[PDB]
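# Breakdown of the fold
Listed below, chain by chain, are the residues.
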Amino acid sequence: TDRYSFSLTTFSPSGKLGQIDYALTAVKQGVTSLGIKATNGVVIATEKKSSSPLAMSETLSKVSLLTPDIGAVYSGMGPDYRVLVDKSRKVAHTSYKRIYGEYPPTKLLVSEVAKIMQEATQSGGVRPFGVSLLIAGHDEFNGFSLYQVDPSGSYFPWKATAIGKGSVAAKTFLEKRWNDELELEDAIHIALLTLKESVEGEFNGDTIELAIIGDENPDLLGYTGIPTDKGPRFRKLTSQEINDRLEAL
Amino acid sequence: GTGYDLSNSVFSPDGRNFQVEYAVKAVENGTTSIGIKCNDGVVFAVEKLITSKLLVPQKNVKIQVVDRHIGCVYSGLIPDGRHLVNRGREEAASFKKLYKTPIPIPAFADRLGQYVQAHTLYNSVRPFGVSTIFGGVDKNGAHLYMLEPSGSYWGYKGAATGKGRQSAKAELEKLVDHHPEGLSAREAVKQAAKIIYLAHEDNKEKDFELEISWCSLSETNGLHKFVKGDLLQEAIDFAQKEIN
Amino acid sequence: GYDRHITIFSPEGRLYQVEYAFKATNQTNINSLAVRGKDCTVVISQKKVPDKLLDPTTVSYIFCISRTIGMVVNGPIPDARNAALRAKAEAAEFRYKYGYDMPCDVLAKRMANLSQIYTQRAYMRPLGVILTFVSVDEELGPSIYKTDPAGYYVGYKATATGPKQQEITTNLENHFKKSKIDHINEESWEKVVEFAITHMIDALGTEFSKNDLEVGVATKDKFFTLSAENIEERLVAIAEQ
Amino acid sequence: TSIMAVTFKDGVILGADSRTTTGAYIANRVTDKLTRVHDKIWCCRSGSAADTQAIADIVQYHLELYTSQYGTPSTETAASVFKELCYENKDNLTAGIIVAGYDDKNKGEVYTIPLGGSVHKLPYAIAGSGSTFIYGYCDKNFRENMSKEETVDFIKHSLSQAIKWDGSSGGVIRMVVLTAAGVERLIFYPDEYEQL
Amino acid sequence: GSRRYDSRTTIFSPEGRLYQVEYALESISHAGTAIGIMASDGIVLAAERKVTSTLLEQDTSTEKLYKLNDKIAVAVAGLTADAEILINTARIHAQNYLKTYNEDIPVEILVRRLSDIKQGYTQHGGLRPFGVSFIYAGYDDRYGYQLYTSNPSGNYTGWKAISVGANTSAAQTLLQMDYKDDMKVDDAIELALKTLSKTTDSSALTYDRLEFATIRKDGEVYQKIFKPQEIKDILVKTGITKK
Amino acid sequence: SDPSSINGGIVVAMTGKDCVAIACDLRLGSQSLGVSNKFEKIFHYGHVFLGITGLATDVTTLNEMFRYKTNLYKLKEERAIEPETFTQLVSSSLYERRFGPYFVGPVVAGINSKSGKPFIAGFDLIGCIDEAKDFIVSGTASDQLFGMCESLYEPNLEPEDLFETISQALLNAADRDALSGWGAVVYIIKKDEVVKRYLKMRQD
Amino acid sequence: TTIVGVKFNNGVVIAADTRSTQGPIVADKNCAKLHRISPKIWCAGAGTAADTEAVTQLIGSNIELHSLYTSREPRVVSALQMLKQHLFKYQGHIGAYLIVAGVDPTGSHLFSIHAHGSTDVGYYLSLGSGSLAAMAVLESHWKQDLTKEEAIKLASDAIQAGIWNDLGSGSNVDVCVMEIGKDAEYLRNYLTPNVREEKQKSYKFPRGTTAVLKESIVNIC
Amino acid sequence: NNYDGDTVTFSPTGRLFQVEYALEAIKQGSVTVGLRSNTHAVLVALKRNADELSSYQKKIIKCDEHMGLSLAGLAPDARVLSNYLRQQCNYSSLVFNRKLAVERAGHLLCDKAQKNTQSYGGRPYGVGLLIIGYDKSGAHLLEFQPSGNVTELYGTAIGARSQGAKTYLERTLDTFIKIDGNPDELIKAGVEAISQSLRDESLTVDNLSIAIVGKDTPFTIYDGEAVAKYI
Ligand SMILES: CCCC(=O)N[C@@H](CO)C(=O)N[C@@H](CC(C)C)C(=O)C(CO)CO
Ligand SMILES: CCCC(=O)N[C@@H](CO)C(=O)N[C@@H](CC(C)C)C(=O)C(CO)CO
Ligand SMILES: [Mg+2]
Ligand SMILES: [Mg+2]
Ligand SMILES: [Mg+2]
Ligand SMILES: [Mg+2]
Ligand SMILES: [Mg+2]
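Residues numbered from 1 in each chain as written, not as in the entry; some residues may be left out. Chains lettered and ligands numbered in written order. Part of a larger assembly, values for the part shown. Heavy atoms only, no water.

## Considering the coordination of the magnesium ion (ligand 3)
Residue and element names in this part refer to chain C. The protein atoms donating to the magnesium ion (ligand 3) are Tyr118 (O), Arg121 (O) and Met124 (O), with metal-donor distances spanning 2.0 to 2.8 Å. All donors of the magnesium ion (ligand 3) come from a single chain, and their spacing in sequence reads Y-x2-R-x2-M. Take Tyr118 and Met124: they sit in the same class, and that class is buried. (Donors = N, O, S within 2.8 Å, 3.2 Å for Na, K, Ca; no water. Buried < 20%, exposed > 50% of the residue type's maximum accessible area, 1.4 Å probe, protein only.)

## Focus: the interface of chain G and chain F
Facing 36 residues of chain G, the contacting portion of chain F comprises 40 residues. Interface of chain G and chain F: buried area, both sides summed, is about 3300 Å²; carbon and sulfur atoms make up 56% of it. Linking chain G with chain F are 7 salt bridges, by the criterion used here. The partner of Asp161(F) in a salt bridge is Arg207(G), with the nearest N and O atoms 3.0 Å apart. Those elements that provide at least two residues to the side of chain G that touches chain F are β4 (25-28), α1 (49-70) and β13 (212-218) of chain G. By residue number, the principal contributor to the side of chain G that touches chain F is β13(G), which donates 7 residues. Tallied by class, residues from the side of chain G that touches chain F come to 18 nonpolar, 9 polar and 9 charged. (Contact = heavy atoms within 4.5 Å. Buried area = accessible area lost by both parts, 1.4 Å probe. Salt bridge = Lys/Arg side-chain N within 4 Å of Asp/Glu carboxyl O. Helix = DSSP H or I, 4+ residues; strand = E, 2+ residues; numbered from the N terminus. Nonpolar A, V, L, I, M, F, W, Y, C, P; charged D, E, K, R; others polar.)

## Some thoughts on the UniProt feature "active site" in chain D
Within this numbering scheme, the UniProt entry marks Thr1(D) as carrying the feature "active site". Its location among the elements puts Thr1(D) in the segment before β1 (3-8). (UniProt positions renumbered as here; feature names shortened; annotations may be inferred.)

## Topic: the site of ligand 2
Near ligand 2 there are 15 residues, and of these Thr1(G), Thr21(G), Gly47(G), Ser129(G) and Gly168(G) occur at the shortest range. Residues near ligand 2 are shared among chains F and G, making this a multi-chain site. The separation between an oxygen atom of ligand 2 and a polar main-chain atom of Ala49(G) is 3.3 Å. With respect to ligand 2, the backbone of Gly168(G) contributes an N or O atom lying 2.7 Å from an oxygen atom. Against a free-state accessible area of 570 Å², the protein chains account for coverage of 80% of ligand 2. If you list the elements that add at least two residues to the shell around ligand 2, you get β3 (20-22), β6 (41-47) and α1 of chain G. The leading source of residues in the shell around ligand 2 is β6(G), at 3 residues. Grouping the constituent residues of the shell around ligand 2 by class yields 3 nonpolar, 9 polar and 3 charged. (Near = heavy atom within 4 Å. Polar contact = N/O pair within 3.5 Å; in protein donor to acceptor, adjacent residues only side chain to side chain. Areas by Shrake-Rupley, 256 points an atom, 1.4 Å probe, with all protein chains shown as cover.)

## Digging into the site of ligand 1
Taken together, 14 residues lie around ligand 1, and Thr1(D), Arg19(D), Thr21(D), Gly47(D) and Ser168(D) are the ones closest in. What surrounds ligand 1 is not a single chain but chains D and G. Contact distances for ligand 1 include 2.8 Å between a nitrogen atom and a backbone N or O atom of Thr21(D). A distance of 2.8 Å is found between a nitrogen atom of ligand 1 and a backbone nitrogen or oxygen belonging to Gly47(D). Out of a free accessible area of 560 Å², ligand 1 has 82% covered by protein chains.

## Side note on the arrangement of the chains
One finds no contact linking chain D with chain H; the least C-alpha distance across the pair is 24 Å. Where chain G comes nearest to chain H, the C-alpha atoms are still 38 Å apart, and the two do not contact one another.

## Section: the packing of helix α2 (residues 78-99) of chain B against helix α3 (residues 105-118) of chain B
Residues and elements named next belong to chain B. Running from N to C, α2 and α3 cross one another at 130 degrees; their axes reach a closest spacing of 10 Å. Considered as vectors, α2 and α3 are oriented oblique to each other. Handedness of the α2/α3 crossing: right-handed. Contact residues: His83, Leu84, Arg87, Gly88, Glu91, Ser94 and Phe95 in α2; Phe108, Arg111, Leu112, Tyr115 and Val116 in α3. Of the residues contributing to the contact of α2 with α3, the split by class is 6 nonpolar, 3 polar and 3 charged. (Axes fitted to C-alpha atoms, helices over the stretch in contact; angles between N-to-C directions. Parallel < 35°, antiparallel > 145°, perpendicular 65-115°, else oblique. Left-handed = near helix turned anticlockwise from the far one by under 90°.)

## Some details on the environment of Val63(A)
All names here are of chain A. Looking at where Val63 falls in the secondary structure, it is placed in the loop between β2 (42-47) and β3 (64-67). On the basis of relative accessible area, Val63 is assigned to the buried category, the value being 5%. Here the alpha-carbon distance between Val63 and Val113, two residues 50 residues apart in the chain, equals 16 Å. Discounting chain neighbours no more than four positions away, the residues touching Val63 are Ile44, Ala72, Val73, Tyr81, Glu209, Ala211 and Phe234.

## Points about unusual backbone geometry
For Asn145(D), which is not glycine, the phi torsion reads 60 degrees and is therefore positive. By secondary structure assignment, the location of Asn145(D) is in the loop between α3 (135-141) and α4 (148-165). Backbone geometry at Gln91(G) places phi at a positive 50 degrees, although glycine is not the residue there.

## Points about the sheet that holds strand β9 (residues 210-216) of chain E
All names here are of chain E. Pairing within the open sheet is antiparallel, and its 5 strands lie in the order β8-β1-β2-β9-β10. On the outer flanks of this sheet lie β8 (161-164) and β10 (222-225), each paired with one strand and no other. Direction aside, neighbouring strands of the sheet carry axes that sit 10 degrees apart on average. In this sheet, strand β2 (residues 42-48) lies alongside strand β1 (residues 34-39) in antiparallel orientation, the contact comprising 6 bridges. Across the sheet, the residue bridging to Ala34 is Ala47, located in β2. Here helix α4 (residues 168-178) sits on the sheet in contact with β1 and β8, set at roughly 165 degrees to β8. (Pairing = 2+ DSSP bridges.)

Here you go:
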């Protein structure tokens, strides 16, 4: 039977929620992942740290599509992120698309995943999630947006940020390299330059994962005949495109 | 740190579940019980410690039957063995109801194993304090299995558990080494009587009562029957001659 | 203190119960490896029968999950059979609900999601097993996907699991760096079984008899396990190599 | 519908028509009423198409799980699963099933599950709306341990008569031969059996 | 079983204190300062953002001030996620009241419902309380303009001016010094900005570090959440920054 | 008897050049007995208008439900709901009660604030979206409204003419229905202006 | 309704009419009855229009989630099984009669699903009230190995037969072609055989014709 | 000792300390003896009193016309167990028109008691039961312990100082086993046995309870003056 019907995350006398701080610690030991918002798109990048060279990297995809216009990356415990992306994809349909016929705005999906994480920090017999997420999305009435969601369920909108090991250094770089006149290609370039410091090993299309929320891709739609159906804005960059943009640094 | 052995389903730093090992300690303190798979069946035997002569002889049966073809004996906490046998009877009943055929011995073994192993996944329950030797005859022949408090079960040419499990095992191995072609049903019955008498030496202070059952394709037509009457006395006499 | 007994976070952001389950995976002292061929996937495992009273045919750590998916488990046999029964149930339910055979990687993801649940909910302990699923998927070809107590899962060009895991891993890495391909360029599954046995004998440094091995082969629309006689045929054919 | 299953020396043969009707309208004239629930365990379905499809799908799931756990199931076991589904849900089902299987121990086996969820093991079974017109013929012509050719001819003649008299039966005649050699699919077209 | 791991979040201390309530109040004490001021013709809410960076977007940011309906808003101090849970429940309760009575929910009724929700966690369930304190600014026809506060204990109080979060003692002393009953809403804006500038921990008080809202009066009540540009304008207008 | 025919009433929407029009009768009765001369069946949430005909209690219940839902929508999204999104919302809400339906016939009308396109839509009692760019009719006199609209309508009408068209349609349809009439209201809706007019019609 | 589906050599086409009726009254003159379950899995619906739209949207949402979970192109047999089991659960009370076609990694597929949950396979299928007319056309013209153009012509002709001869069908012809390897082609109003002729009069009224009792501005701000 | 917190904790030795403490709760209970022949079965019960103004607590409970029990330990748990046994006998009589065999009743009690030794929350029953019954197999006497172990005996005793009566019956076995068809002599043997377990007391009319079941004798309880002839 399930006798754990009590909170496993309580306030310490200092006021800290110990499990939330320890989950944030677990996030801090995660592989560096960053996001940069431009004026014509958002970019999210991370390193594809593979344990064994026998493991196929393509199956270990750290960037995940949530809606055709909203994608996600993480830093922390992979499996928590996987079950979180599954829950997020489901809630995008159950709580919105099946109600309004359109996919949810980025902020609303972010708040839904934040609600899931907050439940994880207060429900009975459960630990918080050991991940921090970067959600990059586009909706018609808010444009492009980039949000960060923490194990506590707190989420904040960033012009650009990073999470993981190189978080502080990467964020300093971004602070001194970002401007409100930035372009999607310039943002991809800055993301590559910021990852180059947080990746000590080989740095090619095979070892990094990069995706964008840019313009609509009708070729990625799969069907033609609906002028209102523009296409998906989320596009994961292939290893070849990453290499082509790396050779010109 | 410490306290890893206080709760069930808790991994120790070396990857062990100490509550299961304490259950095994509880098993080892039980009476001896053996099973011998022969050419066309299986035989089960158990020592019943006659604590006093106020016990009604031939009563207080330990060998239990599941369906009409499965025999189960256990060493350890007798009530936990009865609980496990009740669960196995429910499993066999549901299997017969759905698939018509009586439950095969490996299928029944996996039912019991999943049940026992599930009893090692939560701190709200205690692992089973029994080890169980069971088996019988299905469409694929004779099968003998032994199942541990951990939920681990395996198929055995011969099995033994309890206090005199060591001696018994040795004796069993001698059988396997002396005639690899196999024993007949009645030969296995007499040999099980011998092995129980030999393994009783670890409990020689108190008197004991032998109890034997068997499930043979030729001698019992695939059904599980207690070895009683003239055959039981014959096995007892064979044991008396083998000890002296 | 108690943060070492249930699946909650230690101050260092660690789940000690998951690590101790990983430790428990090596309790059986059995190594196994999996390799991909041109159109097949082979899994070899060590077969250690310590007791003379044991029926060797019932001593197994390879499971026939579906008609196309095989699963080899590194860990205690109770948790192994638990995970194997769960995987068989999930595969059957998948075929029923979606009308096509469950893909290897999807079953791996399912078991990995359950493992993640065990590491996040405190009432259930993690399973001390590492599950290696092999198949010949209709869309991916020969596939090897591994799941661990942490809820992590990943596909492999080849893999190995057990105490001597790293040695076999190194041997395979070296062979694939030399061969420059990610599989075994052999047409028959017998030759791939031979290759796997050869490289395990080379990496472990021990010979194998027919009663020391367990071989599972996955081909298009079939997964089977070799008998002692088929393994003996493979070993005899190895003798000429 | 008109369905049957006949045991013979080498195994079993299932036969069916191909007509699915919504009243006097033929909704489908190429219907496959022979459904595989296991490698050498098939069934002929009659009655509600939706009900028979759902029952066959659930039986196939149960037999797949049964095979994954305990090995290849006997034909009697498939009949038992069909029987449990049809009897425990007799109030909401309109399904008459003929389960035919082959194994090496029992050669061919035929079970029939009519309305109400009873099961009957028979040397051959006929079912469906058209089977009513061939009871006397099949009883007078069936023999034990026929050859494959004589069994195909027996099924062909019986089903041709049933199609001739039953307006709810028609189309092509489908057959599935279950033997140790495996599974064989046979089809016979109207221009072939209408002149029989 | 599991009883060894149960921290028992809903028990009493030997002094008659709720451990978790006290610890959550201590947690909130480190949250960004929020101030509410009730003038005779309006209400003002101001709050300082604890999270600050050059790279944090402010246009799309809502961390401290939230709309409950069209006549009631909240200033938050503490765990933002618990705050959003409670805010969603409060919005639902307000809309329930509207559907049932075809009238906007009176401010005290909504505050009391949210406080009962908070208190429930401190008496049963064995769960941790919500680490959030609220300042409710609302208007209804019965009582006019209303200002309330609610802490994790489930207790709620009504104020003319009040502060929650960091430096509540200093802010309360300053408000008690400079508050007059007959003042207008603009003077209250000035006083709130002055208190936030005098009790801030940063060097200077900028538009990027604070959120602002006004519930004022056309015969109707308008609820305005101040934009970054409006915040910058009101800051240079009250003499806290230049240009 | 029939829940959609107990209270009576009609709603009709039309599209013109950069405008919509939505009109309803004013009668609420219980079969032959007429009770209320002031029962308007058109409501608006922000800038999206919804007319509801059928069972009066269900009309009121749906109005309150959609007010609830659109207020929560505006609180969560910080913007008013659009007519197409609101149409999908009405469809999903109606189908949620598929086997215990509301006996209503909703009509959505409005100008999309971001695209400026006029938009009207209609549903049945279980929420089947009827996307028509010209006109949508609903109520007891749905057949009369169908005839009047199919005859009188021409596309791209200025508001002053679309008003006359929709008003004549509503009036002449209501005159041939026993359970409709007793007054009428017409909303002419442009992007930045909405005019509401009470028509003079027969009071029988 | 009149919906048909025809398999050709390299894919499958589905087609439908655009008429929606409430009894004898034409409710919608251009209803879109071709619903997209997935980019390459489409299906035409007949019966209770709300039920068809709802069941297709639900199964498409679940299929999208399933494809995200499994990282594979969705399979037509998956949509088929989901629809059949959902319809069977409701014993025909969800009056949806669908023709589901598409292409997936396993090839091109065409099935029909009836409201009670029964599914059928064929090279050409028809459903709706005009199904008997369209099916007449199909039985008269279908042949093995059709080209894309031959199949589009056959499907459009079947829909036209249903339009002219069945009172429940009319207006235009919607088509969706799905070839193996190509994107799905959704031809909305592929044909428009019925277009209302020009009216004899403009019925525009002179402003001031309608008597107004009271006028007021509405605040939507 | 950290292993006696509940019944779901095995000690390193393999022991269940809560079960042992329930057994110790029995050992603190008053003495009761049971014995049987081939035609009859007798329970004798020395019911304890709280003081001289107290009532000697009811110690023998009837379960059916052919079966009953006496208790030693926590009277409430014996009430629960006896009610369960009554319901099982009643179920047998109603559904099968069949008197429940005493062995089956012992098995049912064993399972009911075992259910409490493996689940968190709740405790084992703190009672020991002596169950007599005459069924199709003759006379039967069973000893039941909280551990779940139920054993069929010719005679036994449970409670404080029960070893005296135990050894008495061990010596008198061949004597009382042959008291067939003379209930008074069997009751006298049982009373002598229960007398062997007295230290500073002597059986009187108030503190004696007898129960008899047999071939042509339904389960009957004698209290008060009815037992005076056996003192
Ligand atoms: C489109 C769904 C309409 C439907 O379900 N029709 C049923 C009921 O007539 C039907 O076609 N039954 C066939 C069985 C086949 C389908 C397996 C049958 O058994 C005979 C008479 O028994 C009639 O051909
Ligand atoms: C909207 C009014 C309420 C409604 O549900 N009408 C139904 C049937 O009255 C309807 O329009 N059915 C069409 C199917 C399409 C619209 C998906 C159809 O199938 C043929 C006959 O089968 C009729 O044209
Ligand atoms: Mg756990
Ligand atoms: Mg015919
Ligand atoms: Mg009228
Ligand atoms: Mg009138
Ligand atoms: Mg027509």
